[PDB]
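Residue numbers (the authors' numbering): 1 to 27.
I have placed the structure first, in the form of C-alpha coordinates, so that the comments after it can refer back to it.
Here it is in C-alpha coordinates:
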(Lines of atoms letter the chains of each structure in order from A; the text may use other names.)
(Lines give C-alpha, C1' and ligand atoms only; values in the text may rest on other atoms or scores of the structure.)
Protein backbone atom coordinates (compact mmCIF):
# COMPACT_ATOMS: atom_id res chain seq x y z
CA UNK A 1 0.00 0.00 0.00
CA UNK A 2 2.24 2.86 -1.20
CA UNK A 3 1.11 6.50 -1.52
CA UNK A 4 1.25 8.18 -4.93
CA UNK A 5 4.25 10.51 -4.81
CA UNK A 6 2.29 13.74 -4.28
CA UNK A 7 -0.61 12.55 -2.08
CA UNK A 8 -1.22 13.37 1.58
CA UNK A 9 1.89 12.22 3.50
CA UNK A 10 3.41 12.61 6.97
CA UNK A 11 6.69 14.16 8.18
CA UNK A 12 7.15 11.36 10.75
CA UNK A 13 5.02 8.45 9.47
CA UNK A 14 5.12 8.96 5.68
CA UNK A 15 4.86 6.02 3.27
CA UNK A 16 5.44 7.37 -0.25
CA UNK A 17 5.85 4.76 -2.99
CA UNK A 18 9.55 5.54 -3.51
CA UNK A 19 10.41 9.13 -2.51
CA UNK A 20 9.78 11.15 0.67
CA UNK A 21 7.14 13.29 2.39
CA UNK A 22 7.77 17.06 2.36
CA UNK A 23 5.48 19.48 4.23
CA UNK A 24 2.29 17.43 3.68
CA UNK A 25 2.64 15.66 0.31
CA UNK A 26 4.67 12.60 -0.78
CA UNK A 27 7.08 13.08 -3.71
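Think of the CB as a built atom: it goes at the ideal place given N, C-alpha and C, for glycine as much as any other residue.
DSSP state of residue i, grouped into three classes?
i, result
"residue 25", "strand"
"residue 9", "coil"
"residue 17", "coil"
Can you list, in chain order, the residues of its chain with a C-beta nearer than 7 Å to that of residue i? Leave out the 5 residues immediately preceding and following it.
i, result
"residue 27", "5, 6, 16, 19, 20"
"residue 33", "Residue numbering for the chain in the displayed model covers 1 to 27; residue 33 lies beyond these limits and cannot be assessed."
"residue 24", "8, 9"
"residue 11", "21"
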